[PDB]
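Computed from the coordinates by the stated procedures, all read-outs in this text should not be read as laboratory data. Positions of Cβ are backbone-derived with ideal geometry, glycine not excepted, and every protein chain shown enters the neighbour counts.
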Amino acid sequence: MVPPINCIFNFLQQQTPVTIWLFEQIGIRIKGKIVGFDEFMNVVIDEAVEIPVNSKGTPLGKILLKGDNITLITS
Amino acid sequence: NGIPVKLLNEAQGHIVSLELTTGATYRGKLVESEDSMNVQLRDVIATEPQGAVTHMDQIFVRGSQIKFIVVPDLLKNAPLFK
Amino acid sequence: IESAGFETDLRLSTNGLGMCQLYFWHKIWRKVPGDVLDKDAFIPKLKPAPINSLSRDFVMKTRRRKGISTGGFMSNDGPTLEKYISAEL
Amino acid sequence: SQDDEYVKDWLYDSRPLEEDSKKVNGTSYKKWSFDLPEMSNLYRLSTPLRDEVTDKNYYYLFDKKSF
Amino acid sequence: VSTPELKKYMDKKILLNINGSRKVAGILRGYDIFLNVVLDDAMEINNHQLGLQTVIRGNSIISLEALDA
RNA sequence: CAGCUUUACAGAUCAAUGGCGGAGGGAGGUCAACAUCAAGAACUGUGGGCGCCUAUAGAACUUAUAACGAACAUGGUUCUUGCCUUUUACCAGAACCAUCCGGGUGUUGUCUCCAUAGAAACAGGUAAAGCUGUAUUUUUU
Ligand SMILES: [Mg+2]
């Protein structure tokens, strides 16, 4: 068994290709690699990229995204 | 403890209906319930908001999404109230 | 066998301070002392039979109970030829 | 007036409690309802005549039924 | 504190209904008190997979349906 | 400590309305009378559907090592015995039955000793009694 806290600790140490979907949001996705972790689901992401959905690679950098509006993570 | 949530968990086993925030109704045997209404069903018909019925074996739901739950007429009788 | 009115006797002796019990789930059988197949075997008619006489008494008495033995005087023994090899030669 | 501090005053009366309106029904003298310590006193006093056998087992093969 | 009893659904594929009519197929890996589903990623709704191992947030869950019996 | 609800206050307008009203004692008594207490574990009423079935209210007392009594007599009839031999009187067992000494409640009434008010709330305040109260994923940030 793996709780989300432990799977994100794998994503923390690895820093492998993450793709993030967003809460109350279908129009945009993110593509980066997990760098931080809070006690809440707040995670800072370096090498992040704004990726509009397959209904292109748009510009985005390193971001502290407020993690209460997360949907997906996959490193 | 929540006296409506009390009723829900007491209603386990009966053929109960369930509509969510999405408006998609359900109907079948209940299995599990908790403080946060983490509902499970068996033999559940799953009518989409348009009316498209899809019969399925089971389902699990999160309490935040739940709107209202149709309980039978048996829980009217006893024994939660007095 | 020896157990009969054991609870009661114990209670009596103990002045009702000895709530005793008996039971049989182990199925722990054991040899009755004394050896089956003896002629004289025992002493008493009324009194409880001795330790070394016991098995024989139990057998003959039980045969009587079960109606196998003929009258009062009888014996449990082999129904085979050769005079039982002249009684073990 | 120390061990027998409560009953001593009334233990020797025609009707043990003529008044004592709390402890008995009244003067009809039908019912009673003592407090604890006086009951204790009564018990202690009754040591010679009291039943004095708590182990209900004791009457084994000596009950009315047994008889 | 009340742990949602997903040990009946542990190591089984599940059709997770999530925000905006989106679906997630995938075998279950674990969970927490917030219902955040740790699962092996599968094809997302014709159909196409994003990621290998995923962690879905509880707030975004609409439902989760027993694909496997 | 805050909210609500209840009571004793002071005066209130006293509408609003309630409710305690076409408001009416208590404690006892070697005091009565009445009912009634061994029965499918057992009682009674109420409706309804045809003496009964079916839902509804109720039910003091006495009990499950079974009994109103944590107690204990007596009398009768038979049947059996004993002492005997003739009966009473008796022995002590049985089965039946009765009598008696008492008991319980419930209801009436009387007898006694104490009593002895025909109106208080609302707006609050004072004080006291009954509950609740002290955002970062499923309730409300
Ligand atoms: Mg004559």
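Cross-link reach is defined here as a Cα-Cα straight distance under 18 Å, omitting same-chain residues fewer than 8 places apart; for D:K30 the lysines meeting it are D:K22. Note on chain C: GNM, Cα springs under 10 Å; of C:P79, C:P48, C:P33, the largest mean-square fluctuation is that of C:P79.
Counting only residues at least eight positions apart within a chain, or on another chain, the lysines with an alpha carbon under 28 Å from that of D:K23 are D:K8, D:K31.
Placing +1 on the Cβ of every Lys and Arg and -1 on the Cβ of every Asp and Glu, with nothing else charged, gives chain C a dipole about its Cα centre of roughly 280 debye. Given Cβ point charges of +1 (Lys, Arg) and -1 (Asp, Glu) and nothing else, what value in debye, to the nearest 20, does the dipole of chain A about its Cα centre take? So the magnitude is around 280 debye.
For chain D, a Gaussian network of Cα nodes joined below 10 Å ranks D:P16, D:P37, D:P48 by mean-square fluctuation, and the top entry is D:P48. Projecting the Cα atoms of C:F24, C:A41, C:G5 onto the dipole axis of the stretch C:1-69, where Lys and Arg carry +1 and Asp and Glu carry -1 at the beta carbon, places C:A41 farthest toward the positive end. Relative contact order of chain C: 18 percent, from C-alpha pairs under 8 Å at least 6 residues apart in sequence.
Between E:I27 and A:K56, the modelled label-to-label distance comes to 3.8 nm, taking each label 7 Å out from Cα in the direction of the beta carbon. Counting only residues at least eight positions apart within a chain, or on another chain, the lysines with an alpha carbon under 24 Å from that of A:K31 are A:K56, A:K62, A:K66, E:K23. The radius of gyration of the Cα set in chain A, together with its Dmax, comes out at 11.9, 37 angstrom.
About the centre of its Cα atoms, the protein assembly as shown shows a dipole size close to 1440 debye [charges on the beta carbon of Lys, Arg (+1) and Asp, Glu (-1) only; nearest 20 debye]. The protein assembly as shown has equivalent-ellipsoid semi-axes of 80, 48, 23 Å, by the square roots of 5 times the alpha carbon gyration tensor eigenvalues, sorted largest first.
Sort B:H14, E:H48 so the one with the fewest other Cβ atoms within 10 Å of its own Cβ comes first.
Fewest-to-most ranking of B:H14, E:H48: E:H48, B:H14.
Relative to the current alpha-carbon distance between C:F42 and C:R63, full extension at 0.36 nm per residue lengthens the span by 5.9 nm. Note on chain B: Rg/Rh from C-alpha atoms, Kirkwood Rh, equals 0.97. Taken over chain C, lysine pairs spaced eight or more positions apart, or on distinct chains, with alpha carbons under 28 Å apart number 17.
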